[PDB]
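Scroll down for the structure; my scribbles are underneath it.
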Amino acid sequence: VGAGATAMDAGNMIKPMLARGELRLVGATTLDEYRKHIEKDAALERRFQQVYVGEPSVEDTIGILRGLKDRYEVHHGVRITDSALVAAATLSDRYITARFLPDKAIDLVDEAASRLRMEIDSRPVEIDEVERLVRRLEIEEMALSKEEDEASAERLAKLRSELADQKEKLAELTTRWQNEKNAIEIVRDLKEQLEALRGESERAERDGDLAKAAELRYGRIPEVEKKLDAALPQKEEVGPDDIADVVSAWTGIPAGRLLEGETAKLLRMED
Amino acid sequence: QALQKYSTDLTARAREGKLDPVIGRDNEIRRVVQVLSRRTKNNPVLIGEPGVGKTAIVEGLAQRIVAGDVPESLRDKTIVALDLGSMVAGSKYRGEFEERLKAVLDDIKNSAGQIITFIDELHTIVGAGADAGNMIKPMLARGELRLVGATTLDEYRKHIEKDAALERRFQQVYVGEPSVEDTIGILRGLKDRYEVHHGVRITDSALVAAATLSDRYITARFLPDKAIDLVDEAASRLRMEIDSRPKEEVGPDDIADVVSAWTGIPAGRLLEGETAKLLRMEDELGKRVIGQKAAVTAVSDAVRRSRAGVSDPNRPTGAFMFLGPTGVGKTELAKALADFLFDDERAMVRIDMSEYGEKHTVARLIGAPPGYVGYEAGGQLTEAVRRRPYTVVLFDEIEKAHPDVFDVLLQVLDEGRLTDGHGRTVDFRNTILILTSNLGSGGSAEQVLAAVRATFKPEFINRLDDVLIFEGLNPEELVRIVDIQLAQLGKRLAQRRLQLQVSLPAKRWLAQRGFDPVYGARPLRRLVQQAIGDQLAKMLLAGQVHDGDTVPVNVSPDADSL
Amino acid sequence: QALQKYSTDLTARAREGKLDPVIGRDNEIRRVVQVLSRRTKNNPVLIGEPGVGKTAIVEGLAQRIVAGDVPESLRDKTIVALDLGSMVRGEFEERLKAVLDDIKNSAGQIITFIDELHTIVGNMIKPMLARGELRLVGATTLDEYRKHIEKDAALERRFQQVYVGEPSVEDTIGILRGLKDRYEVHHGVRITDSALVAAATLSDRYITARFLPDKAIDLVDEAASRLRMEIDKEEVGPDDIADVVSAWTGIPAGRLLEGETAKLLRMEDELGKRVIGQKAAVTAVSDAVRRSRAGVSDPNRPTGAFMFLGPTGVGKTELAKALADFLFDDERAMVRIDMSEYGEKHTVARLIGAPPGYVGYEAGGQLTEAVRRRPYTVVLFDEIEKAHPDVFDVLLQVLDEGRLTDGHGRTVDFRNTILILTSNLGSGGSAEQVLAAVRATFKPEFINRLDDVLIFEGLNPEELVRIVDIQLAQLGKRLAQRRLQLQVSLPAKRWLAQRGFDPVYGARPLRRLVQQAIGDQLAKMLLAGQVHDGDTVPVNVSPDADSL
Amino acid sequence: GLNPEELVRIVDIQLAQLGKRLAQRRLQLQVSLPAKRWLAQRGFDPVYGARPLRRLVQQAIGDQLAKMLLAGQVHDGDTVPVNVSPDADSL
Ligand SMILES: Nc1ncnc2c1ncn2[C@@H]1O[C@H](COP(=O)(O)OP(=O)(O)OP(O)(O)=S)[C@@H](O)[C@H]1O
Ligand SMILES: Nc1ncnc2c1ncn2[C@@H]1O[C@H](COP(=O)(O)OP(=O)(O)OP(O)(O)=S)[C@@H](O)[C@H]1O
Ligand SMILES: Nc1ncnc2c1ncn2[C@@H]1O[C@H](COP(=O)(O)OP(=O)(O)OP(O)(O)=S)[C@@H](O)[C@H]1O
Ligand SMILES: Nc1ncnc2c1ncn2[C@@H]1O[C@H](COP(=O)(O)OP(=O)(O)O)[C@@H](O)[C@H]1O
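Protein chains in written order, with the entry's author numbering: chain A, 284 to 289, 293 to 520, 530 to 566; chain B, 159 to 288, 295 to 410, 530 to 845; chain C, 159 to 246, 252 to 284, 297 to 407, 530 to 845; chain D, 755 to 845.
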């Protein structure tokens, strides 16, 4: 509208060419400004046809995501599960009641993938924060100790307790992480072994070794597969709960899955 | 040479060590990073009430980048402090700000995605128009520039949320204020900077006392800087006391000295002299109120508890309601109290409940709702108490206002809360509410303690403290009452040099006439006036009296004479 | 030093002494140098009325600098002023950029100084300021600062206020007597402490527009210059300044003297110059006002609470109009509020206006909003007998404690006002039943706190000639545009009495009755001829009416 | 409403609050079961709920504690034990 002014002279030089259809001029503008700037100038608005674009539903947002679930999966070196897509397309409509559907859904998936890639970095979350906190309490107890005062006696006696009882949890989280990191050698090593068993069944059938054919098909190979299954799990691709963690960190409504840290608190709420 | 005269380098500034050592807030830095590392629409905006450290997070991110503690795709990005005050400033022509903005954008997008940008107070981005701060909107929603921002709640809502199609390209990071423990941590972290600036020393007890007082007495600003300002103020005052004046470190009571030097609250640890005055209270208050030994002890004990350190910090400093016969000294006791702990009789806030016999007249002490005549003016009582948060509220003769005004005090008491028109909140936590009455009128203590019950409600009588009953005027002590009145009169006779020689029989006849059993000592000041002041006025402008003469009085058989 | 053409220095010219020493106000300097020595929220701002010494304090600090007494942190740091009326649409921001860049590349702590910066603040100095390289010391007034630095600022978090209200009489006297020799060589006449103190007190009391430290110097220098020009008396004195104050305000040098004895002794016919007869009432009221300001009555009471009633048209109001004229120097001061609409129970809230948010709130009450401004009025109360017996409670509260409460929440003060409760009771009784009716109708104890309750004595059938005579002396001024004089004749003048009294509204019509007659009966002669500006215009009493 | 058996725990809670508020001046109390049950025995008049108990705690402990505290002899640190008497309770 106001291309160059000083008294209207510019911005309507294309008003003559529009009518004869010389130029085609496809354009897209928001809805609460088409009646704030253009509609005020109904001499020019007349040359425009409107194509109302309604917001899609969850069923179509799921499809949009399923199609777009490659660019992010590539830009970040991670993988994405379809459960994440569905859970995002549902929670983004249930909770974030301020924006519209095709976008507030994609944002959750994108942030989840970004966080996951940031965790394949040196250390995962919930341990880096504890070690930073331990270093803080250390640098604090070191400089509060040299207090030629008396009011610092009972104030420092608890800081030692807190430092020790957070360092304990640091060491425990460290040990559990080392366990879970050393667990992905066997489960997979067996396969490194299970693949060897598949080569063995190949060669059993090469040599006419029927006796080994089934011993590998119904014995060794499936037995190794069953060994991996052993106990059903109670971190290389996003899941339908990192979405919940993002929707909890933003619009601080808590919507996780009660990750065993507080279910005792809920069952204790009365007392 | 485009973003060289419209921008500095915050990263190089942090490399030169000239920034402050942020302490804590790892959650928000991690959130800002995992937002700034997205694929499209990567622009976080730090939101939160003003003063809580919305820039400190950005300096923290800069320091972390310089130190090298960030993920793989965030190293060596050199965040830039952009500014628009020096782009829209000098331009008087058509299309001149556009060339500068386009030069800046072009210089950004020529280099690779390693010029992460930072506009502070970006509520100054919607103007510049006359089609400005709007051409910059295609680049935003494609991940070309990063544009870390920082804006207050109010300015955000007022300036951006009116432009929805632009607010979409942003992400909010609610930076809530920290608690007392985190504040103590931050203060202990920053201690050394001030300890070096001012050549003094600062004690950890002083830091703790600052972080605790700045939360209980200044309830209009926010913590992470509301606390630091006190430490700075006290360090500066100690420096000035050291210099220019021919046991050199701040203490945990200098902070109380500051936080009492403004806001008027006497918060402290009972420095000397003050304790002598408090111990010497019942008698020091007796020189203005004779009798009522039961009441003075109660108010004195209230003040004693409140200032000694044993009293619920969230409830008023007392909510007494004393009532009794007419003309006994209730309002006068309240005024004498206010004169005791202020030495300013006109520094209390008395409201006359005798006016509020009408229902709707309550609006004077509350305000009016949004959309009505007097809205931006506020409420009388709330305005008077929002400043001077140490007064002595009074409710003269609260028996007239029909039983609806009793439903505002009902929650003024027991919490010290009140909400005016604008939706604000005020604190009555360190005032002394006092509300007289005249129930009874002759009846015994068990005939007036029925009037109280049948007039008010249980939910009300349960709120306020002891219901003091006032005795009747003893027929003897009126001599001392007349003594007080003559002392006040002599004090009025000080511009001249007159004195009085009041005789004992004159004083006796005075205390004898004008104390009728139904109205107490009320018809005494007017009698003193009409029997001394006017008689002297007719006797001074017409000679025969001059300043210096120790005027005596007589007990002539008729009305009193000189 | 590249663009130092919109900036003046304070330490350079201090190295010569072209400034004035600022003895006094040594607290403010310490406060300022303390604020400027912090780490955050430095660079204070001086807040006070105009011509109070804002520039005086900063110059005193500059001189203490050039001498050297402050902490060595602030030592060896100069100051530079700025004038904004030289910068000012556009290019003001360009020159702002130039000067700010100059300060920035100066690479030091060269303090600035920006007078009345409420025209500057905007967003161009905050990125410069929240970095710690420049130090600006500004100044403005209180309400103005409350305007430009509170609504559109968001910057008040980096500005520290400093208050300088006003010096007192004793202080500006010291200021004057310090700043005396400079003029004794500029003109050079002589100076007297009597003249100095007279200037101070008289300016403070009567020049109620400007303020003290510059107001006193203005008058002193003006009188000195006038007495140097007069040689076209080698000293200045109290009269030598009272003459100037009289020439300035309009009030002559006479009344500008002792205001107790020579005033309370003027309660004589100076009233009777406007009122006629009723000398008893004038004497009673004069005694009441004399004894009231003695200095022994209680400090919370109206300056007078008397009432007068009886026959109308005798000049009941005229007494009050002359009374306010003599005391408060104006007859457009009394405020008449009729007690007629106040015959209903609810309408008593009209003269206050109770709630915020109801019909009458912004207009305020009839009584208070006309008293809280001009707290020197003389309130009148017509037909006090018809007012409902609830306003009398308000009146009680007035004349039992000199304060009242409006609806806005304010407190109005009544300790130096005068109440007057007119009426019309006593139509049949002379002095016997009028007092009984006044006792019975009103509450007989409310009357006790009143002063004398005098009744105006009727007009003598002879003593209408005096009122009509003042009337004629007045109307003689009417046709001063053509200098046509007028005639007098006892038959004609007394002819007005028996035909203009009409004893139900005194001499209400006695102005119009005669003015329309004489004026519009001669107005045709004044266009045809028959008169010129020496003619007595002899008007006579024709057989029936007043022709010429 | 409340039962006299339920006010004992309320007394415990009020005393915990008062001790936590006193820990700012590094004091604490040692209350004997005589006084602990005496206070609840003064939780009378089952019409005003449980606020009378709070005003009682104030009137019976806080005034005397302040009176001692600002008159020396109770210098910061050492704890004071409260012990019941025939009618009131002394420190
Ligand atoms: N976590 C923190 N670590 C160190 N200093 C902090 C921290 N939080 C706040 N501060 C200090 O507290 C003050 C806060 O100032 P800023 O955060 O710069 O103001 P702001 O947060 O931008 O608020 P506005 O909107 O600009 S008024 C500064 O002195 C900071 O150094
Ligand atoms: N013990 C006392 N000491 C000093 N003055 C007293 C005492 N008892 C009464 N008076 C005087 O009695 C007069 C009335 O006191 P007020 O307190 O103002 O009346 P009041 O208590 O408000 O009674 P009501 O119900 O409001 S009329 C004042 O002049 C007091 O000085
Ligand atoms: N304590 C003082 N010592 C010496 N001179 C003073 C003192 N106070 C005031 N003055 C003189 O009174 C004059 C006051 O004028 P200004 O300094 O312009 O006033 P201001 O404080 O700047 O406020 P404005 O702008 O005039 S309303 C100065 O010229 C001083 O010479
Ligand atoms: N005593 C008087 N002295 C001078 N003028 C008087 C006197 N009595 C009456 N008047 C004249 O009467 C006019 C109107 O009388 P006024 O007092 O206004 O009426 P009312 O007394 O009924 O209120 C005055 O303007 C004045 O001209």
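We put the beta carbon where it would ideally sit given N, CA and C, even for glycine.
Could you tell me how far apart the beta carbons of residue i and residue j are, in whole angstroms, since I believe they sit closer than 8 angstroms?
i, j, result
"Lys-613/C", "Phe-605/C", "6 angstroms"
"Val-828/C", "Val-834/C", "6 angstroms"
"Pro-388/B", "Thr-347/B", "6 angstroms"
"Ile-538/C", "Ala-373/C", "5 angstroms"
"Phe-255/C", "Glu-341/C", "Not quite, the Cβ-Cβ distance comes to about 33 angstroms (not below 8 angstroms), so this is no contact."
Can you tell me the Cα-Cα spacing of residue i and residue j, whole angstroms?
i, j, result
"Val-676/C", "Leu-696/C", "13 angstroms"
"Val-262/B", "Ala-160/B", "6 angstroms"
"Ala-660/C", "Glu-659/B", "16 angstroms"
"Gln-818/D", "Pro-788/D", "18 angstroms"
"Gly-182/C", "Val-420/A", "58 angstroms"
"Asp-368/C", "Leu-311/C", "40 angstroms"
"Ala-550/C", "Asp-379/C", "16 angstroms"
"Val-395/C", "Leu-371/C", "8 angstroms"
"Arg-779/B", "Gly-831/B", "8 angstroms"
"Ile-266/B", "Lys-774/D", "58 angstroms"
"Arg-796/B", "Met-564/B", "32 angstroms"
"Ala-577/C", "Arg-598/C", "25 angstroms"
"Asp-318/A", "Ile-324/A", "11 angstroms"
"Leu-776/B", "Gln-782/B", "7 angstroms"
What residue does the beta strand (DSSP E) around residue i start on, and which one ends it?
i, result
"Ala-314/B", "313-315"
"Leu-204/B", "202-205"
"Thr-275/B", "275-277"
"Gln-782/B", "782-784"
"residue 477/B", "You won't find residue 477/B in this model, because chain B goes from 410 right to 530."
Have a look at the DSSP bridge pairing and note the partners of residue i.
i, result
"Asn-837/D", "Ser-844/D"
"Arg-365/A", "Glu-532/A"
"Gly-826/D", "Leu-824/D"
"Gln-336/C", "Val-203/C"
"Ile-237/C", "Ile-274/C"
"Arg-380/C", "Note: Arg-380/C sits in no beta bridge, so no partner."
"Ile-752/B", "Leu-606/B"
"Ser-165/B", "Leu-240/B"
Just to confirm the assignment, what range does the alpha helix (DSSP H) spanning residue i have?
i, result
"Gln-818/C", "809-819"
"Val-193/C", "184-193"
"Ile-764/D", "761-776"
"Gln-221/C", "212-225"
"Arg-791/B", "787-795"
"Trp-463/A", "439-468"
(request) Would you mind listing the beta strand (DSSP E) stretches within the region 655-717 of chain B that are 3+ residues and don't spill past its ends, in chain order? (result) 677-679
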